[PDB]
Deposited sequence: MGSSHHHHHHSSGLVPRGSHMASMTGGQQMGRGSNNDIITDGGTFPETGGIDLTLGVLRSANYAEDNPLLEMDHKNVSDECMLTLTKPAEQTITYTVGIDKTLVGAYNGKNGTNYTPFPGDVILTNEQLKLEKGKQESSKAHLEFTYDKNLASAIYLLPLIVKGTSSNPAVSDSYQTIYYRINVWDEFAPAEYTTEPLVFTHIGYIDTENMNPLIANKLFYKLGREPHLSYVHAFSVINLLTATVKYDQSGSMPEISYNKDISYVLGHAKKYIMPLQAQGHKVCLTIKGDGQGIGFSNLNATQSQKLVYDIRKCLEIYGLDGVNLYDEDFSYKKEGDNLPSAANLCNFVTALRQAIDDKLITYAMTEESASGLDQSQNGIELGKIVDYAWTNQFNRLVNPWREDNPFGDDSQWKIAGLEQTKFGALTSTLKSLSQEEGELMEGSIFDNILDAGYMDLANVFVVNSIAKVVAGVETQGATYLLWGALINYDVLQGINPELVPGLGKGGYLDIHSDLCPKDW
């Protein structure tokens, strides 16, 4: 009586994702009672167990026909111990392998059923055109990250025989361009660093493949500290910036623009004071020029007061497509009186439906025990206990970043909160980020999923 168990996967029938490279796992035997005498059991492959697995679990899998290299298959179990040595399995990818899920059973002489997912050129097996239920907006810092990593990130939704895969993000924000004065000191202009220039300059390689995979790709525009910005433009300056943004979006085939309201370094006293009214007039002008292309707003603590009320009849929430904050790893509910976690009323935008507000914008930082309690607490209490279910439609991730030492814990969770609420809590569907675990996955701190190639 024992259990052939996977060392690196809690699933009793682990599902490995094979994206044109080899995959591997170690398996071991776990006896119910300690071994009396030292015995050596051997693991072997028994592909004749496929049809029985299929009939029971409703699957239609085919035996994995590629080379499977089992090393240290002699499971030595020392006397007095309950868990044997670890055999190592490496599944070998070959281009002859068709894209599907395969089944390779392993027997001890219990049984562990390994399922291998051979990906197609663009997506894993069982990818569906069924769209994501919520809006997942992701940032990419073009200084450290390839925008095309979004086309390598998927959710594993459901359990067999109803397994489906979808892209983890629906909108991708590209960081960044900036607003600066021209050389003459009169007009604003958009400045592009070397990295954001290469991505835009080769959009058929970086932006257009994302769009073919169902992504809306926007350009984030921030401030460059010269005192000119979205909230203090005059009439002539505004027409310039609206024209340049309109041109930029059509020029490089972008789907919209993200207005990041920070790093403008506005002056506190003078004639060009930043106002919410100016911000409303500017976005209204931008909406007229770019039509149905997306406008999103990233509110910060440097944002102007008065967005809670109408400015000259304009409500910013009515003109923008989405809006979120820089209050990372915390759920911001501006519509909650006597909010136990904190008063988020400064983040109230007039005319903005709760469905257009990313209440949770997450970043890849390590969090304390109190920070983790506040995060999970503000998430569950506002969406489930307080009834603010309309705050589960937009989830924002400020920079999909490389997982390194220290941020491994937050790296596993800061992309799954959107699907956790919408799929696991609000429905029955289990969500899982793919390719996360395993060598070469996103959670491998010694690998890069989609690295920068310029």
Deposited-sequence segments unaccounted for in the coordinates: 1-54, 164-175
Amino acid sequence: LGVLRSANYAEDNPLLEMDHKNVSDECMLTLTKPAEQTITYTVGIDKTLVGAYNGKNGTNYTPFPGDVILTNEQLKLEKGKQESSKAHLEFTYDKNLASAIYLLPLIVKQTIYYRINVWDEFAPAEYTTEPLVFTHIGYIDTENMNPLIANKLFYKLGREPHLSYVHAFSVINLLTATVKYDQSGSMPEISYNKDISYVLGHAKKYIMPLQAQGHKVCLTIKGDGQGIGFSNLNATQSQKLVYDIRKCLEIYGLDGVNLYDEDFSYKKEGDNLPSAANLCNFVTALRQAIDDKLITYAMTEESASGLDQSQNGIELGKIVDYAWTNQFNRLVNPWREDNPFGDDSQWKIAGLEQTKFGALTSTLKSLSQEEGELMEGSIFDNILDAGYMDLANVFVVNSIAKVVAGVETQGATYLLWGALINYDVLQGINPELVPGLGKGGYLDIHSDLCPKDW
From here on, numbers count along this sequence of modelled residues.
Segment of higher mean CA temperature factor, 337-345 or 121-129: 337-345
Using only C-alpha atoms and the B-factors in the entry, which stretch averages higher, 230-238 or 363-371? 363-371
Residue selected from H202, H167, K156, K267 by maximal Cα B factor: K267
Looking at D321, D182, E302, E353, which has the highest Cα B-factor in the entry? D182
Place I112 in the lowest, middle or highest third of its chain's C-alpha B-factors, as listed in the PDB entry. highest
Considering every modelled residue of the chain and its Cα B-factor in the PDB entry, is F380 in the lowest, middle or highest third? highest
Of the three thirds of its chain by CA temperature factor, lowest, middle or highest, which one includes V283? middle
Comparing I429 with the other modelled residues of its chain, is its CA B-factor in the lowest, middle or highest third? lowest
Lowest, middle or highest third: which one holds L89 when the chain's residues are ordered by CA B-factor from the entry? highest
